[PDB]
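Okay, so here's the structure we're looking at.
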Amino acid sequence: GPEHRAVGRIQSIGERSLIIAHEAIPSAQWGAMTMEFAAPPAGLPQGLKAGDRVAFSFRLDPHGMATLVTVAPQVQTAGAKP
Numbered sequence: 440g441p442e443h444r445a446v447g448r449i450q451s452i453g454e455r456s457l458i459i460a461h462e463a464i465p466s467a468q469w470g471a472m473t474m475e476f477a478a479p480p481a482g483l484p485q486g487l488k489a490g491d492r493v494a495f496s497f498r499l500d501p502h503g504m505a506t507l508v509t510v511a512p513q514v515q516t517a518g519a520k521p
């Protein structure tokens with residue numbers, strides 16, 4: 440499905456899926472809520488564990504599946520946007 444941007448705070452890490460308290464997500468017109476994201480078979484990096492705040496992108500497939508693609512270190516509201 441289409442890829443959207445999502446920022447939030449890591450709630451917990453899992454084996455191939457992890458729950459992230461993401462913000463509203465202006466890319467999906469969602470609200471801020473603790474939701475689980477599915478990880479790719481490549482696994483997850485570090486610096487994004489329960490307690491971290493990261494900026495990620497995920498693909499929403501038509502079924503309503505939230506599949507994480509790439510996540511990069513952010514630090515509170517990500518940062519400065521031009």
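Residues in the sequence shown are numbered from 440 upward in steps of one, following full-length UniProt numbering.
Where is the CB? At the ideal position from N, CA and C, for every residue including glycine.
Spatial distance of residue i from residue j (CA atoms)
i: residue 454; j: residue 475; result: 12 Å
i: residue 452; j: residue 458; result: 7 Å
i: residue 440; j: residue 517; result: 24 Å
Contacts around residue i, its chain only, beta-carbon distance under 8 Å, and the 5 residues preceding and following it disregarded
i: residue 443; result: 464, 466, 467, 496, 497, 498 and 499
Neighbourhood of residue i by C-beta, 6 Å cutoff - its chain only, sequence neighbours within 5 removed
i: residue 487; result: 449, 493 and 510
i: residue 460; result: 447, 448, 450 and 473
Distance CB(residue i)-CB(residue j) smaller than 9 Å
i: residue 508; j: residue 479; result: yes
i: residue 477; j: residue 456; result: yes
Close-in-space but distant-in-sequence residues of the same chain around residue i (CB under 7 Å, 5 per side omitted)
i: residue 513; result: 446, 492, 493 and 494
i: residue 489; result: 449, 450, 451 and 452
Where the beta strand (DSSP E) containing residue i begins and where it ends
i: residue 500; result: 492 to 500
i: residue 506; result: 504 to 512
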